[PDB]
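Engineer: Submitted below is the structure of interest, expressed as structure tokens.
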Amino acid sequence: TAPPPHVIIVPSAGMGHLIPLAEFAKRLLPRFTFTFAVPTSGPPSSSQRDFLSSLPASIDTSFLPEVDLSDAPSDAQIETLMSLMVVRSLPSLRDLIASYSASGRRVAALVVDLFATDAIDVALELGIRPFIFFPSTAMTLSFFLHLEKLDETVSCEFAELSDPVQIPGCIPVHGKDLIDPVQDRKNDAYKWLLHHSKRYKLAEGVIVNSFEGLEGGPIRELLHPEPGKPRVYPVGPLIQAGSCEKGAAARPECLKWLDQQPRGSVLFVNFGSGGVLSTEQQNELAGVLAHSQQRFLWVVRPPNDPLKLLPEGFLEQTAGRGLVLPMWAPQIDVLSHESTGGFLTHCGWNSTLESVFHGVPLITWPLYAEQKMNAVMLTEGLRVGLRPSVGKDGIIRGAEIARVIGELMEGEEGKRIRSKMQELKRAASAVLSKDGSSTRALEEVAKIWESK
Ligand SMILES: Nc1ccc(Cl)c(Cl)c1
């Protein structure tokens, strides 16, 4: 029984980043102890606290003293605010590390989220191995590493490009579908994004939540050893488990509803927390589901201008065919149900991976962050989903919503899309087995943290 080396994790964004980070740490237990050094700009949300306090004991949490973001623009994008949050928390992170080291504990590694590269400077000064955890696609990681070159060769706004951007090892992406922070090169968000991308080379390794079976092109290009590019460790798919072994409780009503429906016949609609639609956009979706014969399980949230904000008599037209849920739903238990045949998601990488892991074809409805690049890679790259076309007014009309739903649940492309999605499902469980490619990646990262 040797002492467990300690590891500090520095998350960037909200719950969407803690989940994969937590699963990453949970899979390295009990070889190491962990501490979430969580930067804050205010009282941590009850969601963050309740989640982190439910992790195993070996994964501690330390909410760093909150910082003042009032001097940042009121319209600052989230990437700008997150970068300032880490920078203004480095003294706190220095003290947190100083308390563990002062006690004789070996701090073996600092794992910084994709927008916490400024914390690598602390790890380098203290002789700690800096690693970067990328809770997104290998495609987007390739975009980060290529962003420096893409900036030196393109001068105009990316949405003004005629040809798609050619990222090493990835499929072409039009400038309008590039990640949000690059859509305005005059905004501080783009300067920060460039700042971090240039600093990825400072890490001894990038841990990306993806695997080769899911992104053959980008992964093989990332694994290509080059000077000035860090080693990459594909450890995906990292997703939470369902209520299969996470507590004992009574069956939710929505799951009982799925039990009575046929196999692969229900379309699960959920844009996730922070995936709010406009009243007009929500009406279009509500109109198609009202007049469709498709079975749906829809998680609804109040628009930005909730089951009473739905159109007139919507619940009357969709009684036993569909089931509306307010705000929240057990996403993983739904996706694992046999009656779920499709998933209309915002393409958040956690939601995407949970759908790939259970072999559920997607309706790619990207919204923000890198979801549009995830939609392109899923629908046009892997051919496991359909993307409704957005109009010039930002609204996705019912004609497109009904089109993709129809081609997916019925039709022959939805027949090929499902078969292809099953191949990825079997591949996802494969890379996570004792003979898996990702099981090795974790093992190798652990050995590096234990090396010397
Ligand atoms: N906010 C945000 C979260 C994740 C990613 Cl991969 C990006 Cl590009 C932005």
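Here, A, B, ... name the chains of the structure tokens in the order displayed, residue numbers run from 1 inside each chain, and ligands are numbered from 1 in the same displayed order.
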If you take only C-alpha atoms and all ligand atoms and a cut-off of 10 Å, which residues of chain A touch ligand 1, and what are their nearest atom pairs and distances in Å to one decimal, in chain and number order, as JSON lines?
Structural biologist:
```
{"residue": "A:12", "atom": "CA", "partner": "ligand 1", "partner_atom_place_in_ligand_line": "3 (C)", "distance": 8.3}
{"residue": "A:13", "atom": "CA", "partner": "ligand 1", "partner_atom_place_in_ligand_line": "1 (N)", "distance": 6.7}
{"residue": "A:14", "atom": "CA", "partner": "ligand 1", "partner_atom_place_in_ligand_line": "3 (C)", "distance": 9.1}
{"residue": "A:16", "atom": "CA", "partner": "ligand 1", "partner_atom_place_in_ligand_line": "3 (C)", "distance": 8.1}
{"residue": "A:17", "atom": "CA", "partner": "ligand 1", "partner_atom_place_in_ligand_line": "3 (C)", "distance": 8.0}
{"residue": "A:77", "atom": "CA", "partner": "ligand 1", "partner_atom_place_in_ligand_line": "1 (N)", "distance": 8.7}
{"residue": "A:78", "atom": "CA", "partner": "ligand 1", "partner_atom_place_in_ligand_line": "1 (N)", "distance": 6.1}
{"residue": "A:79", "atom": "CA", "partner": "ligand 1", "partner_atom_place_in_ligand_line": "1 (N)", "distance": 5.8}
{"residue": "A:80", "atom": "CA", "partner": "ligand 1", "partner_atom_place_in_ligand_line": "1 (N)", "distance": 9.5}
{"residue": "A:82", "atom": "CA", "partner": "ligand 1", "partner_atom_place_in_ligand_line": "1 (N)", "distance": 8.6}
{"residue": "A:113", "atom": "CA", "partner": "ligand 1", "partner_atom_place_in_ligand_line": "4 (C)", "distance": 9.6}
{"residue": "A:114", "atom": "CA", "partner": "ligand 1", "partner_atom_place_in_ligand_line": "6 (Cl)", "distance": 7.5}
{"residue": "A:115", "atom": "CA", "partner": "ligand 1", "partner_atom_place_in_ligand_line": "2 (C)", "distance": 8.3}
{"residue": "A:134", "atom": "CA", "partner": "ligand 1", "partner_atom_place_in_ligand_line": "6 (Cl)", "distance": 7.5}
{"residue": "A:135", "atom": "CA", "partner": "ligand 1", "partner_atom_place_in_ligand_line": "6 (Cl)", "distance": 6.7}
{"residue": "A:136", "atom": "CA", "partner": "ligand 1", "partner_atom_place_in_ligand_line": "6 (Cl)", "distance": 5.0}
{"residue": "A:137", "atom": "CA", "partner": "ligand 1", "partner_atom_place_in_ligand_line": "6 (Cl)", "distance": 7.3}
{"residue": "A:138", "atom": "CA", "partner": "ligand 1", "partner_atom_place_in_ligand_line": "6 (Cl)", "distance": 9.8}
{"residue": "A:139", "atom": "CA", "partner": "ligand 1", "partner_atom_place_in_ligand_line": "6 (Cl)", "distance": 9.8}
{"residue": "A:140", "atom": "CA", "partner": "ligand 1", "partner_atom_place_in_ligand_line": "6 (Cl)", "distance": 6.5}
{"residue": "A:141", "atom": "CA", "partner": "ligand 1", "partner_atom_place_in_ligand_line": "6 (Cl)", "distance": 7.9}
{"residue": "A:143", "atom": "CA", "partner": "ligand 1", "partner_atom_place_in_ligand_line": "8 (Cl)", "distance": 9.4}
{"residue": "A:144", "atom": "CA", "partner": "ligand 1", "partner_atom_place_in_ligand_line": "8 (Cl)", "distance": 8.6}
{"residue": "A:178", "atom": "CA", "partner": "ligand 1", "partner_atom_place_in_ligand_line": "8 (Cl)", "distance": 8.8}
{"residue": "A:179", "atom": "CA", "partner": "ligand 1", "partner_atom_place_in_ligand_line": "8 (Cl)", "distance": 5.3}
{"residue": "A:180", "atom": "CA", "partner": "ligand 1", "partner_atom_place_in_ligand_line": "8 (Cl)", "distance": 6.6}
{"residue": "A:181", "atom": "CA", "partner": "ligand 1", "partner_atom_place_in_ligand_line": "8 (Cl)", "distance": 6.7}
{"residue": "A:182", "atom": "CA", "partner": "ligand 1", "partner_atom_place_in_ligand_line": "8 (Cl)", "distance": 8.7}
{"residue": "A:189", "atom": "CA", "partner": "ligand 1", "partner_atom_place_in_ligand_line": "9 (C)", "distance": 10.0}
{"residue": "A:193", "atom": "CA", "partner": "ligand 1", "partner_atom_place_in_ligand_line": "8 (Cl)", "distance": 8.3}
{"residue": "A:348", "atom": "CA", "partner": "ligand 1", "partner_atom_place_in_ligand_line": "4 (C)", "distance": 8.4}
{"residue": "A:349", "atom": "CA", "partner": "ligand 1", "partner_atom_place_in_ligand_line": "6 (Cl)", "distance": 8.3}
{"residue": "A:368", "atom": "CA", "partner": "ligand 1", "partner_atom_place_in_ligand_line": "1 (N)", "distance": 7.7}
{"residue": "A:369", "atom": "CA", "partner": "ligand 1", "partner_atom_place_in_ligand_line": "9 (C)", "distance": 4.1}
{"residue": "A:370", "atom": "CA", "partner": "ligand 1", "partner_atom_place_in_ligand_line": "8 (Cl)", "distance": 4.7}
{"residue": "A:371", "atom": "CA", "partner": "ligand 1", "partner_atom_place_in_ligand_line": "6 (Cl)", "distance": 8.0}
{"residue": "A:373", "atom": "CA", "partner": "ligand 1", "partner_atom_place_in_ligand_line": "8 (Cl)", "distance": 9.3}
{"residue": "A:374", "atom": "CA", "partner": "ligand 1", "partner_atom_place_in_ligand_line": "6 (Cl)", "distance": 9.4}
```
Engineer: Now that the selection is made, can you save its residues with N, CA, C and O atoms as a compact mmCIF listing (two decimals), in the first residue's frame?
Structural biologist:
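As a result, out16.txt now contains:
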```txt
# COMPACT_ATOMS: atom_id res chain seq x y z
N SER A 12 -13.05 24.37 -16.59
CA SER A 12 -13.30 25.63 -17.28
C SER A 12 -14.75 26.08 -17.13
O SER A 12 -15.02 27.12 -16.52
N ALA A 13 -15.68 25.32 -17.67
CA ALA A 13 -17.07 25.72 -17.76
C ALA A 13 -17.90 25.01 -16.69
O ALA A 13 -17.36 24.55 -15.67
N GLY A 14 -19.21 24.90 -16.91
CA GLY A 14 -20.13 24.39 -15.92
C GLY A 14 -20.21 22.88 -15.86
O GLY A 14 -19.20 22.18 -16.03
N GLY A 16 -21.23 20.73 -17.84
CA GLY A 16 -20.85 20.00 -19.04
C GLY A 16 -19.41 19.53 -19.04
O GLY A 16 -19.08 18.57 -19.74
N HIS A 17 -18.54 20.18 -18.26
CA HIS A 17 -17.13 19.81 -18.20
C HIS A 17 -16.77 19.02 -16.95
O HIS A 17 -15.79 18.28 -16.97
N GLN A 77 -18.30 37.16 -24.17
CA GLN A 77 -18.63 35.77 -24.43
C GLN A 77 -18.08 34.89 -23.31
O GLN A 77 -17.22 35.30 -22.52
N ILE A 78 -18.59 33.66 -23.24
CA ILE A 78 -18.26 32.81 -22.10
C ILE A 78 -16.79 32.43 -22.11
O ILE A 78 -16.17 32.29 -21.05
N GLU A 79 -16.18 32.29 -23.30
CA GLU A 79 -14.77 31.95 -23.36
C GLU A 79 -13.91 33.05 -22.74
O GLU A 79 -12.91 32.76 -22.07
N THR A 80 -14.29 34.31 -22.94
CA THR A 80 -13.56 35.41 -22.33
C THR A 80 -13.68 35.37 -20.81
O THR A 80 -12.69 35.53 -20.09
N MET A 82 -14.42 32.81 -18.83
CA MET A 82 -13.75 31.65 -18.25
C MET A 82 -12.24 31.86 -18.19
O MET A 82 -11.59 31.47 -17.21
N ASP A 113 -8.55 22.14 -17.86
CA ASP A 113 -9.56 22.00 -18.89
C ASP A 113 -9.10 22.74 -20.15
O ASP A 113 -8.03 23.36 -20.18
N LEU A 114 -9.91 22.69 -21.21
CA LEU A 114 -9.46 23.20 -22.50
C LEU A 114 -9.25 24.71 -22.50
O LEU A 114 -8.57 25.23 -23.38
N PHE A 115 -9.82 25.43 -21.53
CA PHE A 115 -9.69 26.88 -21.43
C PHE A 115 -9.05 27.28 -20.11
O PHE A 115 -9.38 28.31 -19.52
N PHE A 134 -9.48 17.50 -22.84
CA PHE A 134 -10.29 18.07 -23.91
C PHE A 134 -11.66 17.39 -23.91
O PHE A 134 -11.79 16.27 -24.42
N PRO A 135 -12.71 18.01 -23.35
CA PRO A 135 -14.00 17.33 -23.27
C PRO A 135 -14.82 17.49 -24.54
O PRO A 135 -16.04 17.65 -24.48
N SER A 136 -14.16 17.44 -25.69
CA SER A 136 -14.82 17.66 -26.97
C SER A 136 -14.21 16.70 -27.99
O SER A 136 -13.53 15.73 -27.64
N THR A 137 -14.46 16.97 -29.27
CA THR A 137 -14.09 16.04 -30.32
C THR A 137 -12.62 16.15 -30.68
O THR A 137 -11.99 17.21 -30.53
N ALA A 138 -12.06 15.04 -31.17
CA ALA A 138 -10.72 15.08 -31.74
C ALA A 138 -10.66 16.03 -32.92
O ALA A 138 -9.60 16.60 -33.21
N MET A 139 -11.77 16.20 -33.63
CA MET A 139 -11.84 17.17 -34.71
C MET A 139 -11.60 18.58 -34.20
O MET A 139 -10.79 19.33 -34.76
N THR A 140 -12.31 18.96 -33.13
CA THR A 140 -12.14 20.30 -32.58
C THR A 140 -10.76 20.48 -31.96
O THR A 140 -10.20 21.58 -32.02
N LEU A 141 -10.20 19.43 -31.37
CA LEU A 141 -8.83 19.51 -30.87
C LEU A 141 -7.87 19.80 -32.01
O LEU A 141 -6.98 20.65 -31.89
N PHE A 143 -8.63 21.37 -34.60
CA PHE A 143 -8.88 22.77 -34.94
C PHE A 143 -8.09 23.70 -34.04
O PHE A 143 -7.54 24.71 -34.50
N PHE A 144 -8.03 23.40 -32.74
CA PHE A 144 -7.24 24.22 -31.83
C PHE A 144 -5.77 24.22 -32.23
O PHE A 144 -5.16 25.29 -32.38
N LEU A 178 -17.77 26.92 -37.97
CA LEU A 178 -16.68 26.85 -37.01
C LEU A 178 -17.19 27.23 -35.62
O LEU A 178 -18.25 27.84 -35.46
N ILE A 179 -16.41 26.86 -34.60
CA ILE A 179 -16.85 27.06 -33.23
C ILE A 179 -17.16 28.53 -32.99
O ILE A 179 -16.61 29.42 -33.65
N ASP A 180 -18.06 28.79 -32.04
CA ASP A 180 -18.54 30.15 -31.80
C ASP A 180 -17.43 31.17 -31.58
O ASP A 180 -17.47 32.23 -32.21
N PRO A 181 -16.44 30.93 -30.72
CA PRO A 181 -15.48 32.00 -30.40
C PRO A 181 -14.69 32.52 -31.59
O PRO A 181 -14.12 33.62 -31.49
N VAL A 182 -14.63 31.79 -32.71
CA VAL A 182 -13.91 32.29 -33.88
C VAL A 182 -14.81 33.05 -34.85
O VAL A 182 -14.31 33.60 -35.84
N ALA A 189 -13.00 37.05 -27.23
CA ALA A 189 -13.11 35.60 -27.19
C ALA A 189 -12.16 34.94 -28.18
O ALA A 189 -11.60 33.87 -27.90
N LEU A 193 -9.09 32.51 -27.36
CA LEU A 193 -9.02 31.19 -27.98
C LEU A 193 -7.67 30.96 -28.64
O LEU A 193 -7.08 29.88 -28.51
N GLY A 348 -24.17 18.69 -27.83
CA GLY A 348 -23.18 18.72 -26.77
C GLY A 348 -22.47 17.39 -26.69
O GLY A 348 -23.09 16.32 -26.76
N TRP A 349 -21.14 17.44 -26.56
CA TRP A 349 -20.36 16.23 -26.74
C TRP A 349 -20.69 15.16 -25.70
O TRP A 349 -20.61 13.97 -25.99
N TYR A 368 -24.59 26.21 -29.86
CA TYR A 368 -23.51 27.08 -29.44
C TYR A 368 -22.23 26.26 -29.27
O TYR A 368 -22.22 25.04 -29.46
N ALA A 369 -21.15 26.95 -28.91
CA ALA A 369 -19.85 26.34 -28.62
C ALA A 369 -19.40 25.60 -29.88
O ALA A 369 -19.39 26.22 -30.96
N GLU A 370 -19.01 24.33 -29.80
CA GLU A 370 -18.52 23.58 -30.95
C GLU A 370 -19.55 22.60 -31.49
O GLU A 370 -19.20 21.67 -32.22
N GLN A 371 -20.83 22.81 -31.16
CA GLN A 371 -21.85 21.84 -31.54
C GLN A 371 -22.06 21.79 -33.05
O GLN A 371 -22.35 20.72 -33.59
N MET A 373 -19.77 22.15 -35.35
CA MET A 373 -18.72 21.27 -35.86
C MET A 373 -19.00 19.82 -35.50
O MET A 373 -18.66 18.92 -36.27
N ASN A 374 -19.63 19.56 -34.35
CA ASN A 374 -20.02 18.20 -34.01
C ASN A 374 -21.14 17.70 -34.91
O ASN A 374 -21.19 16.51 -35.25
```
Engineer: Would you please work out which residue, of A:5, A:43, A:20, A:366, is nearest to residue A:58 when using only C-alpha atoms?
Structural biologist: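 Counting only C-alpha atoms, the residue closest to residue A:58 is A:5.
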Engineer: Compile the contact shell of residue A:90 as an MDAnalysis selection string: residues with an atom at most 10 Å away, counting only C-alpha atoms, same-chain residues fewer than 4 positions apart removed.
Structural biologist: chainID A and resid 39 64 85:86 94:96 118:122
Engineer: Which residues of stretch 193-309 of chain A sit at most 12 Å from stretch 383-398 of chain A, using only C-alpha atoms? Give each one's shortest atom pair and distance in Å (one decimal place), in chain and ascending residue order, as a Markdown table.
Structural biologist:
```
| residue | atom | partner | partner_atom | distance |
| --- | --- | --- | --- | --- |
| A:214 | CA | A:384 | CA | 10.7 |
| A:277 | CA | A:395 | CA | 9.6 |
| A:278 | CA | A:395 | CA | 8.7 |
| A:279 | CA | A:395 | CA | 10.5 |
| A:280 | CA | A:395 | CA | 7.8 |
| A:281 | CA | A:395 | CA | 5.8 |
| A:282 | CA | A:396 | CA | 9.5 |
| A:283 | CA | A:398 | CA | 8.9 |
| A:284 | CA | A:398 | CA | 5.1 |
| A:285 | CA | A:398 | CA | 6.2 |
| A:286 | CA | A:398 | CA | 8.7 |
| A:287 | CA | A:398 | CA | 7.1 |
| A:288 | CA | A:398 | CA | 5.8 |
| A:289 | CA | A:398 | CA | 9.2 |
| A:290 | CA | A:398 | CA | 11.0 |
| A:291 | CA | A:398 | CA | 10.5 |
| A:292 | CA | A:398 | CA | 10.7 |
```
Engineer: May I have the selected residues written with C-alpha atoms, as an mmCIF file, in the first residue's frame?
Structural biologist:
```
data_model
loop_
_atom_site.group_PDB
_atom_site.id
_atom_site.type_symbol
_atom_site.label_atom_id
_atom_site.label_comp_id
_atom_site.auth_asym_id
_atom_site.auth_seq_id
_atom_site.Cartn_x
_atom_site.Cartn_y
_atom_site.Cartn_z
ATOM 1 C CA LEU A 214 -15.383 7.402 -33.831
ATOM 2 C CA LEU A 277 -35.189 28.140 -27.854
ATOM 3 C CA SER A 278 -37.076 31.241 -28.912
ATOM 4 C CA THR A 279 -40.857 31.242 -28.598
ATOM 5 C CA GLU A 280 -41.074 31.100 -32.398
ATOM 6 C CA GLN A 281 -38.492 28.317 -32.716
ATOM 7 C CA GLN A 282 -40.235 26.291 -30.005
ATOM 8 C CA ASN A 283 -43.587 26.779 -31.755
ATOM 9 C CA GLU A 284 -42.206 25.339 -34.999
ATOM 10 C CA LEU A 285 -40.985 22.233 -33.172
ATOM 11 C CA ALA A 286 -44.264 21.962 -31.258
ATOM 12 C CA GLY A 287 -46.263 22.201 -34.484
ATOM 13 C CA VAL A 288 -44.448 19.338 -36.205
ATOM 14 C CA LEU A 289 -44.775 17.052 -33.184
ATOM 15 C CA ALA A 290 -48.451 17.985 -32.855
ATOM 16 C CA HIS A 291 -49.296 17.006 -36.446
ATOM 17 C CA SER A 292 -46.811 14.124 -36.780
#
```
Engineer: Kindly give the distance, in Å, that separates atom CA of residue A:28 and atom CA of residue A:2, rounded to a single decimal.
Structural biologist: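 Interatomic distance here is 15.2 Å.
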